[PDB]
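Here it is, the structure in full.
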Amino acid sequence: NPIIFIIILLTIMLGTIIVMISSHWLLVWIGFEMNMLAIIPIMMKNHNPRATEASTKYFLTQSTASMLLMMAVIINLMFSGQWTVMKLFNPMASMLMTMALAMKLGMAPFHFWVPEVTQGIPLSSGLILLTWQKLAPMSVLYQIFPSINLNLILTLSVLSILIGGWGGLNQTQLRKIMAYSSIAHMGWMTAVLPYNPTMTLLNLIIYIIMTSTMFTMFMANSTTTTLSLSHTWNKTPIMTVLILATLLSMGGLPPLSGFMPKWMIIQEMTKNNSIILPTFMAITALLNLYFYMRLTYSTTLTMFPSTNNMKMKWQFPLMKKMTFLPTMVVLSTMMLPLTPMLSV
Amino acid sequence: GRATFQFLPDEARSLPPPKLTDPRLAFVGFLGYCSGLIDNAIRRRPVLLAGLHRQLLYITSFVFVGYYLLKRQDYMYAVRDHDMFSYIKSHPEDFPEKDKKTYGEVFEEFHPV
Amino acid sequence: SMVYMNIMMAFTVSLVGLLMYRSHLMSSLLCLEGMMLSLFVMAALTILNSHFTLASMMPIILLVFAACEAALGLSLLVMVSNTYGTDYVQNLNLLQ
Amino acid sequence: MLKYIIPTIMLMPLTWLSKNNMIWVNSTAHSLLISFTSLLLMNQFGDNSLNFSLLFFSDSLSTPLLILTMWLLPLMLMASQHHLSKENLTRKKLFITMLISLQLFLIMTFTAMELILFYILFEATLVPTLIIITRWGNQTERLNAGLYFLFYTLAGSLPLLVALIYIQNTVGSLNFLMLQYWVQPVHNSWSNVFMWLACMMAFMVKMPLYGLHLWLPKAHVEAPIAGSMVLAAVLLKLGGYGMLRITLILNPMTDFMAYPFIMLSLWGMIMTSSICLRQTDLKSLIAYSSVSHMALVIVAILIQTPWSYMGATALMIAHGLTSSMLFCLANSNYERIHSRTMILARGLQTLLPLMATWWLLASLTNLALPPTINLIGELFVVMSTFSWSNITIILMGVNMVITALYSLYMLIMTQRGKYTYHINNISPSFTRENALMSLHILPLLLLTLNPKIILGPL
Amino acid sequence: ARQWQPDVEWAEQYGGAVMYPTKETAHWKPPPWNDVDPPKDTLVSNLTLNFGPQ
Amino acid sequence: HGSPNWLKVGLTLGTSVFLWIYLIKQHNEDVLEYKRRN
Amino acid sequence: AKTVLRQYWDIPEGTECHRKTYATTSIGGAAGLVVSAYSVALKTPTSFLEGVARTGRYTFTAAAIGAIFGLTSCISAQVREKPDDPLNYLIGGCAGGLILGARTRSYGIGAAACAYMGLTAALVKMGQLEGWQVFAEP
Amino acid sequence: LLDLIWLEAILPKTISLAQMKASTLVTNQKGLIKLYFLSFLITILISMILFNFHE
Amino acid sequence: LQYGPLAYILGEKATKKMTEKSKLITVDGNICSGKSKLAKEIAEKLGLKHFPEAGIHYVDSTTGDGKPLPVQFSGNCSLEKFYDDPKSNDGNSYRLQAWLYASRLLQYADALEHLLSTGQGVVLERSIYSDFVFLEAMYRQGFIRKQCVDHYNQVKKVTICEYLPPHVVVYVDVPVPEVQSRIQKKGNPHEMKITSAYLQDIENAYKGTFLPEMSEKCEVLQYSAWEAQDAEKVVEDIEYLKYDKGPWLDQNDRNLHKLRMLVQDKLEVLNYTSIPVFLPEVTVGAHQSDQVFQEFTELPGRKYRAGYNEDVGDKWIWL
């Protein structure tokens, strides 16, 4: 059990390297095939009958989303027979390409892949491992990029934040509130991808950091929003101040560094005489903030710590790489004149 | 833009290098100076002047890495302008010479309130 | 020729209404393994007349994962019947 | 600013670094010492112009406005100590540090050298204000008012970024206001309406029109310990001045559509002061005075051609000192009677004689008694918009009529007697209660001697 | 004491089933505080073969 | 008394002196590598 | 497709008030078939029949907006002063929206259907009037 | 009667407008794995008929 | 008891210490019958570290050094105050049972923590299962309400998932309710006149409620007499030692069983009983109110800073 838990966990990131290290559509088929093979055990570990009825709702959604990709390869096998990863030489192939791959990253259509899995997996511990599967197909859309129809990639992305926004105001379960606003932060980056496909990766590296540091804060006890009340005056009041800082940073407010992407990403979206496109989305992520305010109105205002239970003992979990996350996820807005010249 | 898959290529020798006592390198690690104080504050230390050996090596980390990171940032702008000026130098038909005309040529609006 | 239209009409054995529905989920996993041989054949007709001499190892490797893939998916479909006894896709508890 | 920001950040590791209850005396001591240094290099000359150092300062040359921003941290700590001293020292160290952290960004604001340095500092606030609104108030309707303070200010300010980045890659670069010598004019089109309108509307949401003032009697009504950010939120409202930096240039020739902003804010002026004479909450009485004769500047900026900028600048810091003190008059006299209902505080003027002068010399600045900084401000606005059309003396004259009957209604409610109740209300307005009520009129009538310091370019 | 209104009802109005804010609808469940195992029904009476007069 | 682990206490004090001397030698070389190239 | 707009935006321009509202009820008629309908239909499984009618039933309810939506314009385009203007085409907003106001009763929907539709009405023809382009390239 | 009504009617309508439509998108996503996939197929066909997507 | 992954791949802790010396044993008894007359007497010969029953100060009896802090900070319903059984109160008499259950659970979470660490048997006084026997006569005497009974009844299916049962569980020699003289003659001034409705009902509740664990595979050794007194002393010493390995387990249910191969019964109970803050982690209270188990937000929410002087006693610089 302990050693074989690494070898399963090691090959997840070995599956996604072959996706990136490839000049050949057959190897990118194998690449995130075996990821869909080596995630299914991590779903299981404590064997609860929601988890078995959740990974099977996870499974076949990423079997078909696999299967249409191999259909898209064999079409432009017939046309000119080159198999390098490049433009796909056929509009009937690229159309079938992009909205096949839109299930693994799930966009606004291909909807309930995101809440129905992440809710109620008893492994809420992590499930930070759902950042690799947002990272493998983005490494495929960097090459396919100069062959798309420019309407479909925006219509999946204009719907992305308009429906990833509305979906979670009606929630309490903070795994769903993390599952929502994970379609929204896939809406900002693929709205930009036809226009200068770098300054997309800037949004992604920020998104890995701010989301990974959100789950590590959650690993004391936290399950529900009512449980997010009862740890200010019990566990540590410094935790309440920290959990305020990242949310207000992840909303995009200019004293913090989640405003670092947008500020730069509109420098590219206009400069291309497209103005009505960002003004819709920039005003759309505003009610993506009413998750976070009304979440911060729970923990930071002493809202009813009742049912007197004392934690007179210390805490010994492993908060690994936590001391350096809200020091590059908040304070970096002055210190990045060019992060987009390292990553470029 | 050639010589692919390097962290920073060979041709970055003639760049200054970005020597120290620049305020970014003071600031890089100042946040690490703030970060080590947080590292005590999470765990009910209850010191806020705790073990210095944990409070050191954060300063050493960011400053070394941030220096070794900035050598390609100044490279990438240096390779940016280097390719623009060449395409400015060729094709003069895309870059005309504008005429110098003083304020004896323009009759502007004229809109007073 | 017409040997490609049939079979590209036969690729519509996905058809998504019958790719997860209705109940007896074994009927849906059936066409997931039967969606192969519409890819194993549609590749094999193209590599073989146009003498590529090397890409014909790819239809051999096309089975090897999709067998191991579906075998994994069939393991979990016992686990839905190990807890119940009936698969019945109108089982739903974890809402979305 | 060479280093005004650099000492005032050094105030911050002084508070937590200190001992026990010494934390009040240590902060207020050094914070007064900047007021020499703030005056020191500034107020120089003076004829086109003082570009100051670099890309960080144009020295706030023709609009000083910044000395008043530096009084307040040694004005609010002596005010906030009334009902704050029951919490922990670990949170008492917090509430001083975020207050300094609000003064830090205001110092690089008002000077700012640019227009895109302005915005990111124009929006760098509203995070430390919101912490003072939600925590540290009284009973509820804090939390919706914490959300009405957002979503007006933030919904409007995002179409600035669409237009300011649009200018930065259209005509050169906006980075300097002194690279604004080359300015192409902005004619009548169907896209140049929106360029004017989106660049303007985010300033209207802070200094309100008659519409969209719906957040202003929310944050000021339900308000911290003793006006503690309410003194800050009155500066912050007049710290949306940047329309003076923008609209003087940068679409200079659009008066064509000024008229739905004139008539809305000139008829609203005569009504939104009239709608307050039936108020029953005392802190909401002042909160509508701040609507009315702040909105007189909005018809003073859009009407150009100075003899208005003579007055529109003097009105920004007219009630910068007046409306601050009126909140301080109401942050006091609530520590003794625990209601803000204006009915209940009767039987007064016998019990507290020394503060009768503090009521009147407050309310004698709205009547405004011409040798002050007030009727040197209005009578330039009056003589300006007379020359727009003659008919505007009527509405602006009835503005002068109703606010005379309005200010005295707050005075005359204390001139009654027999008090009927109140075994409490003993405290005879202690040495602190008159000290922080002073330093308001002591500079307010002083500057009336030589008010050439308070003038635009002009 | 005095400071504000941190009342009880702000916990139950945020009380976690579905956060009904725009109507009461077909709510999900009161979801399990422990890990999620309500439906425990796994049993069968095993086969009753007679190897008799076979 | 004092009771640390006494094992790693000094590894942090020994890594920096390894890192800084590797940094400064890389810096004092590269300060001359400009003029050696330019 | 886009060629429907290439027969909408090309030929009439205010005049010929029958072919204007014959083509401008095709687009808005087609969106009644749309995903909204799809969703509700699937969601309720309807029945063997009657159910189907009811489902579509509301799609038929939806049809009607694009029938008047040229007609309110092309009448009022020529009768006043004979251009097409942003104040011309503004008129088709409110009463064009009031079809959704007429059914599913008003006093809380209908004027709000009137008001916001008048905002998004005039901006469309304003778009080509300034040459606005939503999905562009350098 | 006006300042708390017809300025407060139009903009806090928007609070009650979006939350009217933030309920039609969790309570109609109520499970139904049979009805995820019947709705993927409508999306896959409507991309064929609609617009630019094959062009 | 495991210490992370890295130590666990070198030497495991499932069975190289438990060489059949698991022998996790408890007692049930009644009042003044099985306290320490029989329980504490048997530590040797068999090497069984005795644990005490209960009390308000069990959390004070850990984390230190160590002296018990008073009943202000650990505000409970006060042993020898609830003997007034206040059927009409603010109150609350149920708020004892919350702290009664959480002081109960940490003994059993240190029980399994001690075994795989060392290998010793442990006698308990009353396990986590005894807490429902009180509730039978807590119910029928009028000093409890419903909608408080269901609460820990909902905790019982939440907090009890991984707990392997005890082994030769002894119902002690219990009289025919001679406890009415035992509660009087043995002192106990505050344990007082309250009649047979609390005496007889819990005695009827030892038989019909505790029977399924008594009918679970771990064989019991039951007595019902005056006392042991060299008649059930050695008989529950020798013939229970023969029932420790031989006449010991049927379905075997507790062995650190067949996943003792560095698998889910070997570490994943001995890593989830270490650091006992994750053990009362689902001991979080009601939805909001429950009308008894409450604490106000700032009074007594201001009774925490008095119990938070420096928040950690001693740690100094340079370490």
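First chain written, first letter: the chains are A, B, C, D, E, F, G, H and I, and each begins at residue 1.
In this text, a residue touches a chain if its C-beta (ideal position, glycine included) is under 8 Å from a C-beta of that chain, and two chains touch if they have at least 3 such contacts.
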Centroid comparison with chain B (C-alpha atoms), farthest chain: I
Of F-I and E-H, pair with higher C-beta contact tally: E-H
Nearest-to-centre chain - CA centroid comparison: A
Centroid distance [mean C-alpha coordinates] between chain C and chain A, Å: 28
Inter-centroid spacing, chain H versus chain A (mean Cα positions, whole Å): 22
For chain B paired with chain D, centre-to-centre distance based on mean C-alpha positions, whole Å: 38
Rounded Å distance between chain G and chain H, as computed from the means of their C-alpha atoms: 19
Contacts with 2+ other chains: residues of chain B: 44, 53
For chain A, residues contacting two or more additional chains: 49-50, 57, 112, 115-116, 120, 150-151, 169-171, 226, 301-304, 306, 314-315
Shared-contact residues (touching 2 or more other chains) in chain I: 284, 287-289, 297-298, 312, 316, 318-319
Of all residues in chain C, those that touch chain E in their complex: 82-85, 93-95
In the complex, chain A residues that touch chain D: 248, 253-255, 263, 266-267, 270-271, 275, 278-279, 282-283, 286, 290, 293-294, 297, 300-301
Of chain F, residues touching chain B in the complex: 8-10, 12-13, 15-16, 19-20, 23, 27, 30-31, 33-34, 36-38
Residues of chain B defined as touching chain I within the complex: 44-47, 49-53
Residue numbers on chain H that touch chain A, as the complex places them: 18-19, 21-23, 25-27, 29, 31, 33, 36, 40, 43-44, 47, 51-55
